[PDB]
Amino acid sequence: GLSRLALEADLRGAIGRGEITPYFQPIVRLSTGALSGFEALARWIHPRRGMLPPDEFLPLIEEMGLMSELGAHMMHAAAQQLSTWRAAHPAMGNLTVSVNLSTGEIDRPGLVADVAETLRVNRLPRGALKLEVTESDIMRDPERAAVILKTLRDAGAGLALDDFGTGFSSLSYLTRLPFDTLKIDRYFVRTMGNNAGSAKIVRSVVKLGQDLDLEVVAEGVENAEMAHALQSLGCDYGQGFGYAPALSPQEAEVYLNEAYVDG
């Protein structure tokens, strides 16, 4: 309990010190493996414990009431990294960076202005920074969310629905929420091979994506066979260990540059 308490206390200063920082997992076109963007995922590079994963620390951030602070940091850091990459590769194709919105953030006063500020200082074009919003956050009050999403889109953010299948039936409300991207949870991707229900959900979501004109991104693409299975079903984008995990910025840079060189 003491080690956990020590870590919790460390959150007083860790966010400000930049120790909780984004790593970047590639999102690729499955047909060719071409890079489309990255998802920024929080990593706490603890000065003594080394790299800690979000499942270990996000509950502590929640208990400490520091979700907004983490979210602001992650947004700024992802956006700055994107701006740095764009300045270094001015002739490159599109490259998006996605950031996970901290729960309860969607309806926090000031979020739209914070997003707008981030886009302006980083000179980003519309859609380059994408916000991944969780089903629970959206479905807690879908009409309110619809308006905030429109305001975020108008400010210049791209928008993704993350974690469908949490339990709120977001799929049947999706026609009324202005997302541009839908993510398929790795649970469905991992189980579609052996379970008819999961296979059915993935086929159906790809179809809804086509009919609502959303980009569909499969998460947890662990290998070549999952990638081909997804492509046959009409899923064109994916992220997973079959490509790369969330990479340090130095590794991500090599990764993107190699994609730019063979584009």
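Numbering starts at 1 and follows the sequence shown.
**Student:** Highest mean C-alpha temperature factor of the two stretches 227 to 235 and 44 to 52, which is it?
**Tutor:** The deposited B-factors put 227 to 235 ahead on the C-alpha mean.
**Student:** Quick one: higher average CA temperature factor, 145 to 153 or 71 to 79?
**Tutor:** According to the PDB entry, the answer is 145 to 153.
**Student:** Select one of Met64, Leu58, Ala218, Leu212: the residue whose C-alpha shows the highest B-factor in the crystal structure entry.
**Tutor:** By C-alpha B-factor in the record, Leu212 ranks first.
**Student:** In this PDB entry, which of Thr96, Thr118, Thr103, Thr84 has the top CA B-factor?
**Tutor:** Of the candidates given, the C-alpha B-factor peaks at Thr103.
**Student:** What third of its chain's C-alpha B-factors does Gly240 belong to: lowest, middle or highest?
**Tutor:** Lowest third - that is where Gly240 ends up once the chain's C-alpha B-factors are sorted.
**Student:** Report the third (lowest, middle or highest) to which the CA temperature factor of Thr175 belongs, ranking only the modelled residues of the same chain.
**Tutor:** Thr175: CA B-factor falls in the highest third of its chain.
**Student:** Sorting the chain's modelled residues by C-alpha B-factor, tell me whether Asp163 ends up in the lowest, middle or highest third.
**Tutor:** Highest third, going by the recorded CA B-factors of the chain.
**Student:** For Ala91, does the deposited CA B-factor place it in the lowest, middle or highest third of the chain?
**Tutor:** Tercile = highest for this residue's CA B-factor.
**Student:** Could you place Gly197 in the lowest, middle or highest third of its chain by Cα temperature factor, using the values in the record?
**Tutor:** For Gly197, the deposited C-alpha B-factor lands in the middle third.
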